[PDB]
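Read through the structure below, which is laid out as structure tokens, and then see the notes.
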Amino acid sequence: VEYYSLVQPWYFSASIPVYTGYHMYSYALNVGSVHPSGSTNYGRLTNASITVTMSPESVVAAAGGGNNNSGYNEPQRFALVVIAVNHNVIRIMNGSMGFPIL
Amino acid sequence: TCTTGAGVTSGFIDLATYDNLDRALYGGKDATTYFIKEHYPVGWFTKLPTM
Amino acid sequence: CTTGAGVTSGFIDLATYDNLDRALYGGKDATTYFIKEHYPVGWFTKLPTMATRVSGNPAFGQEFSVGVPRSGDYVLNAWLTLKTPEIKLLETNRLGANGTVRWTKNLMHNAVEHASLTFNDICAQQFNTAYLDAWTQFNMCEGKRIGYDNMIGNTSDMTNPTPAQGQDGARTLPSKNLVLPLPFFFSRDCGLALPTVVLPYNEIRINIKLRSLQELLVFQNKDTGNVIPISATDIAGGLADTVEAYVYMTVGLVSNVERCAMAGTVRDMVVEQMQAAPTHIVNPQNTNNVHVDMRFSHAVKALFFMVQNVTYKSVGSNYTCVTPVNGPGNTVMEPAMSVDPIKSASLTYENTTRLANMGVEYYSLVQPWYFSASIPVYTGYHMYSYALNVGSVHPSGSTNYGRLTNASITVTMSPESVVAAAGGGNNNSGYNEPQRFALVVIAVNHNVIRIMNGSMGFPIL
Amino acid sequence: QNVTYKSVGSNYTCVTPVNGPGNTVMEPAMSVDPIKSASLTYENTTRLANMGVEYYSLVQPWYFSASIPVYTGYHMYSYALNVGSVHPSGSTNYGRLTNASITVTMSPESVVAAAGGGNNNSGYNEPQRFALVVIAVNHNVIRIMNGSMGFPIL
Amino acid sequence: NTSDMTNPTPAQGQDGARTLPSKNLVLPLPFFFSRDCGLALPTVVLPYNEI
Amino acid sequence: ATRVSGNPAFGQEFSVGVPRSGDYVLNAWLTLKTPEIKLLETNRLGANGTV
Amino acid sequence: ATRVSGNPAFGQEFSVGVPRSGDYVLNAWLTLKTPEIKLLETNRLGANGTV
Amino acid sequence: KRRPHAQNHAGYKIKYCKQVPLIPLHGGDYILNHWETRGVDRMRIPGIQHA
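Line order of the protein sequences matches chains F, E, G, B, Z, D, R and W.
Residue numbers for the first sequence follow full-length UniProt numbering, beginning at 362 and rising by one.
Residue numbers for the second sequence follow full-length UniProt numbering, beginning at 2 and rising by one.
Residue numbers for the third sequence follow full-length UniProt numbering, beginning at 3 and rising by one.
Residue numbers for the fourth sequence follow full-length UniProt numbering, beginning at 310 and rising by one.
Residue numbers for the fifth sequence follow full-length UniProt numbering, beginning at 156 and rising by one.
Residue numbers for the sixth sequence follow full-length UniProt numbering, beginning at 53 and rising by one.
Residue numbers for the seventh sequence follow full-length UniProt numbering, beginning at 53 and rising by one.
Residue numbers for the eighth sequence follow full-length UniProt numbering, beginning at 53 and rising by one.
Right under this line is the structure:
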């Protein structure tokens with residue numbers, strides 16, 4: 362997880378997060394650059410999956426039993442969220458806008 | 002002699018992934034490429050602090 | 003899991019290649035796997051059939067004969083079924099309260115001695131209990147061992163001693179049918195089958211002599227571990243001399259395309275017979291070695307020699323130097339001292355010793371490990387083999403005894419057997435009574451059987 | 310192989326055997342193979358991924374062998390359809406193939422047995438040490454001529 | 156230098172008996188090909204080298 | 053990156069061969085798992101000792 | 053095996069495709085991890101109950 | 053005594069290492085076929101719909 366957290370943001374991102382989490386992976390050489398770079402089209406790709414492994418701290422904090430002012434005094438619930446950023450083409454003509462390829 | 006296996010299957014799959022949007026964004030003979038930096042001469046000079 | 007290998011990983015293994023790989027694999031004429039060649043086979047069927055009894059009614063302690071039915075092109079499987087009687091002890095027995103009754107070890111392979119198969123009126127094959135025990139202990143296909151030990155007795159229920167009715171153990175030995183396959187030359191391999199359609203002028207018959215029930219039941223003493231003969235009044239219901247026993251054989255039917263084509267032609271088949279040397283009594287107290295002169299006729303293949311404890315006729319298949327005794331828990335246990343009486347053995351031709359005085363462990367373990375399909379799990383069962391594969395139907399290395407002169411086998415006994423022969427042991431020691439031993443030698447040989455003009459005979463004899 | 314004591318032998322489990330009731334050897338409660346997973350690598354190309362230890366223990370002997378071990382450990386991987394077949398079958402030659410690597414992962418039982426402190430009659434009463442051994446079976450050609458033997462290709 | 160490895164820890168008998176955590180650290184390797192994207196090793200063009 | 057000389061160890065020198073068969077190598081980094089440090093009470097400095 | 057339909061679950065039926073790009077396929081096995089079972093005193097059988 | 057026979061020439065082991073393409077055999081999967089491409093509708097009139 363440290364690889365996603367630090368290495369790629371250090372190499373080919375604008376900055377590095379200062380909080381725990383926010384694991385990123387981008388095919389492009391610069392996420393902030395508006396100019397297109399290396400990327401893959403998931404439309405022509407078959408089923409793709411992402412596998413994630415939890416941590417002993419997470420599995421012990423999921424249950425309660427924590428003492429006072431420990432945060433995990435009550436059982437804790439987690440959720441997984443994934444966001445994807447892509448490119449698209451918009452065309453302006455005849456006083457109107459629309460996607461030529463959608 | 003050894004036996005090495007050129008590129009990665011995942012990279013080959015990503016390269017094979019190609020549609021109209023990718024054809025519009027990339028490709029073409031006139032398209033420039035990375036990993037190659039053009040070099041041009043620069044003027045010759047020196048600098049020095051002065052009281 | 004996360005398997006990133008993929009199919010493409012094997013391309014490197016496919017690509018790597020050298021002179022060794024070129025010599026081993028490759029070539030235009032080299033065969034390939036993943037493609038199985040298919041060839042047609044004959045059209046036939048098989049089904050069980052009752053065998054026709056032609057000799058009265060079978061009974062214990064007597065000999066009964068059964069013919070082979072016709073109308074079947076080939077017969078390639080024979081077995082016997084027998085329903086054992088129900089045994090229940092009585093408090094009025096001779097041994098009193100201290101007395102148990104149990105079935106002998108290997109109930110089948112016992113009560114069947116000198117079973118013979120005859121063509122017309124000529125004895126063609128014959129085997130007995132020693133050969134049955136040796137063959138089933140040496141050429142046993144593992145996986146079917148449990149089935150065999152459940153179908154020929156020794157099912158841990160028939161062999162458990164049962165005390166009298168008034169004692170703690172009042173269980174009665176169950177009356178369940180048991181089956182024994184008959185090992186014959188046609189039953190050895192599918193390729194060897196009897197042409198019944200081609201032999202209509204010979205009466206193919208099977209002669210089976212059972213054994214008296216007196217020596218089939220072990221009447222053990224509870225404390226001293228002694229054995230005495232069983233009597234009719236000892237057990238409830240008496241002894242039923244008559245018994246229902248049947249013989250089943252499997253027949254095969256084939257089409258006319260070849261069943262008539264092969265008729266009218268001389269056919270030569272190779273078969274395996276049995277030769278048994280006369281039994282010799284051995285007394286280890288007087289002599290330390292015993293020489294037995296062996297005389298056989300055809301190309302011998304294997305020699306099985308064992309020493310059997312013959313103190314009591316009731317107990318059978320006892321090749322140990324000490325008889326079994328009753329144990330705690332209403333079960334039979336082998337005594338503490340139980341080792342094979344043979345210490346060493348050697349083989350002599352003329353006056354020249356082909357085999358030196360090798361240890362018993364050689365014949366016990368090394369020879370079965372190399373030239374057999376199984377290793378015996380009981381003490382005794384000593385084998386020598388002249389062939390690479392004993393169980394192979396195809397002929398292998400073998401030496402004819404017809405042109406070979408007198409040959410001898412010398413057995414040097416063990417001090418354990420010497421001390422077990424003399425009695426003086428305490429209760430449940432097995433050798434409390436003096437012990438007597440006998441030596442048995444069995445040989446397996448090839449032979450040629452010719453079918454011609456609707457009859458069979460031995461061209462060599 | 311457990312190598313804590315030189316006197317003991319063929320101790321391929323994570324805990325040494327201990328004396329038990331009835332003057333018989335008794336295998337302690339915690340006795341499992343230290344290997345949890347293994348994989349192969351061909352010059353930065355994993356031919357075999359991080360497969361489970363049970364795979365090598367059971368599936369491979371079931372398909373490409375003649376028996377299955379009755380003791381812990383004893384992991385194999387065969388390039389050939391039949392291991393016991395003397396006739397040649399599928400195999401790869403390492404002469405024309407560059408450096409290859411084997412990777413193994415330990416187990417929580419192994420790491421807890423490495424440190425001592427276990428109670429009496431547990432096997433891991435003292436710190437435990439382990440050693441990894443690899444064996445390979447290969448083919449060769451022997452030429453007999455002029456009353457002598459040698460390797461035509463070595 | 157994350158106030159964990161660089162913070163001194165007293166012995167077990169003192170108040171501070173914490174153990175230094177064992178984690179993984181990553182160091183980029185400054186090389187001429189890593190300096191810029193336009194500078195990269197042509198591995199496909201170099202088959203007779205050993206890097 | 054393929055290893056060519058044993059395994060890494062403190063106070064030792066090890067070489068790693070760059071994986072060939074690629075097209076453009078442009079970035080490299082080294083990851084290292086630090087050990088676990090636990091001070092004892094038998095040290096030379098005794099109570100006045102920090103690690 | 054190429055997953056092309058759903059996910060495994062108890063009491064349901066799922067179908068899995070055979071991967072292509074292989075010259076020959078000659079084997080197949082299915083692996084599954086058993087869950088964890090713990091007994092409780094709140095069982096309908098009370099103390100006289102085992103699972 | 054006859055002359056012993058053994059391999060004498062050391063052969064020609066070419067230095068460096070060779071390459072194999074390591075390409076998927078058929079490529080039927082991992083890739084669509086210009087149809088059923090998710091997120092795009094091929095059966096659409098050109099963008100003159102907004103004209």
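Positions of the beta carbon are idealized from the N, C-alpha and C atoms, including for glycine.
{"Check": "Where does residue 31 of chain E land, buried or exposed, given buried means 16+ other C-beta within 10 angstroms?", "Outcome": "exposed"}
{"Check": "The ligand GTP and residue 435 of chain B: does any heavy atom of the ligand fall closer than 7 angstroms to the residue's C-beta?", "Outcome": "Annotation note on the ligand GTP: not contained in the displayed structure, which lists no ligands."}
{"Check": "Whose Cβ in chain F lies nearer than 8 angstroms to the Cβ of residue 179 of chain Z?", "Outcome": "363"}
{"Check": "Does DSSP put residue 270 of chain G in a helix, in a strand, or in coil?", "Outcome": "strand"}
{"Check": "Cβ of residue 91 of chain W within 8 angstroms of Cβ of residue 459 of chain F?", "Outcome": "no"}
{"Check": "Report the option in G:307, G:91, G:49, G:257 whose CA atom is closest to the CA atom of residue 219 of chain G.", "Outcome": "G:91"}
{"Check": "By the 9 angstroms beta-carbon criterion, what residues does the stretch 71-85 of chain R contribute toward chain W?", "Outcome": "71, 72, 73, 74, 75"}
{"Check": "Which full runs of the alpha helix (DSSP H) of 4+ residues lie inside the stretch 217-257 of chain G, going along the chain?", "Outcome": "none"}
{"Check": "Any contact between the stretch 240-259 of chain G and the stretch 106-122 of chain G? By contact I mean 3 or more CB pairs, one from each, below 8 angstroms.", "Outcome": "no"}
{"Check": "Cα-Cα, which of G:316, G:375, G:327, G:413 is closest to residue 476 of chain G?", "Outcome": "Shown here, chain G extends from 3 to 463; a query on residue 476 of chain G therefore has no answer."}
{"Check": "Quick check on residue 404 of chain F: does DSSP put it in helix, strand or coil?", "Outcome": "helix"}
{"Check": "How many Å lie between residue 426 of chain F and residue 322 of chain B at the Cα?", "Outcome": "37 angstroms"}
{"Check": "What are the boundary residues of the beta strand (DSSP E) that residue 88 of chain G is part of?", "Outcome": "Neither: residue 88 of chain G is in no beta strand (DSSP E) and is coded neither H nor E."}
{"Check": "Under the DSSP definition of a beta bridge, which residues are partnered with residue 118 of chain G?", "Outcome": "G:128, G:209"}
{"Check": "Which residue marks the beginning of the beta strand (DSSP E) containing residue 452 of chain B, and which one marks its end?", "Outcome": "452-454"}
{"Check": "Kindly indicate which three-state DSSP category residue 336 of chain G falls into: helix, strand or coil?", "Outcome": "coil"}
{"Check": "Residues of chain C with CB closer than 7 angstroms to the CB of residue 194 of chain Z, please, in chain order.", "Outcome": "Considering every chain present, this structure includes no chain C. Its protein chains are F, E, G, B, Z, D, R and W."}
{"Check": "The beta strand (DSSP E) spanning residue 359 of chain G covers which residue range?", "Outcome": "354-361"}
{"Check": "Taking the Cβ atom as the reference point for each residue, do residue 388 of chain B and residue 400 of chain B lie within a distance shorter than 8 angstroms?", "Outcome": "yes"}
{"Check": "For chain R, check one thing: does any of its Cβ atoms lie closer than 8 angstroms to the Cβ of residue 76 of chain W?", "Outcome": "yes"}
{"Check": "Return the CA-CA distance between residue 436 of chain B and residue 67 of chain D, expressed in angstroms with no decimal places.", "Outcome": "34 angstroms"}
{"Check": "Skipping 5 residues on each side, what residues in its chain have a beta carbon closer than 8 angstroms to that of residue 428 of chain B?", "Outcome": "434"}
{"Check": "Please report the distance separating the alpha-carbon of residue 196 of chain G from that of residue 73 of chain R.", "Outcome": "54 angstroms"}
{"Check": "Cβ of residue 203 of chain G within 8 angstroms of Cβ of residue 457 of chain G?", "Outcome": "yes"}
{"Check": "Taking residue 101 of chain G as the reference, which of G:224, G:56, G:46, G:247 has the closest Cα?", "Outcome": "G:224"}
{"Check": "Going by Cα to Cα distance, which pick from G:406, G:448, G:350, G:208 is closest to residue 301 of chain G?", "Outcome": "G:448"}
{"Check": "Taking the beta carbon of residue 62 of chain R as the centre, do at least 16 other beta carbons fall within 10 Å, making it buried, or is it exposed?", "Outcome": "exposed"}
{"Check": "For residue 56 of chain G, which residues from the same chain have a beta carbon less than 7 angstroms from its beta carbon, with the 5 sequence-adjacent residues on both sides left out?", "Outcome": "67, 68, 69"}
{"Check": "Helix, strand or coil: how does DSSP classify residue 351 of chain G here?", "Outcome": "strand"}
{"Check": "Can you give me the Cβ contacts of residue 392 of chain F inside the same chain, cut-off strictly under 6 angstroms, excluding the 5 residues immediately before and after it?", "Outcome": "374"}
{"Check": "Taking C-alpha atoms, which residue in E:3, E:52, E:13 lies nearest to residue 75 of chain D?", "Outcome": "E:13"}
{"Check": "So which of F:368, F:439, F:384 has the shortest CA-CA distance to residue 445 of chain F?", "Outcome": "F:384"}
{"Check": "Just to check my reading of the structure: residue 20 of chain G and residue 402 of chain B have Cβ atoms closer than 8 angstroms, yes? What is that Cβ distance to the nearest angstrom?", "Outcome": "5 angstroms"}
{"Check": "With DSSP as the reference, label residue 12 of chain G as helix, strand or coil.", "Outcome": "helix"}
{"Check": "Start and end of the alpha helix (DSSP H) containing residue 153 of chain G?", "Outcome": "147-153"}
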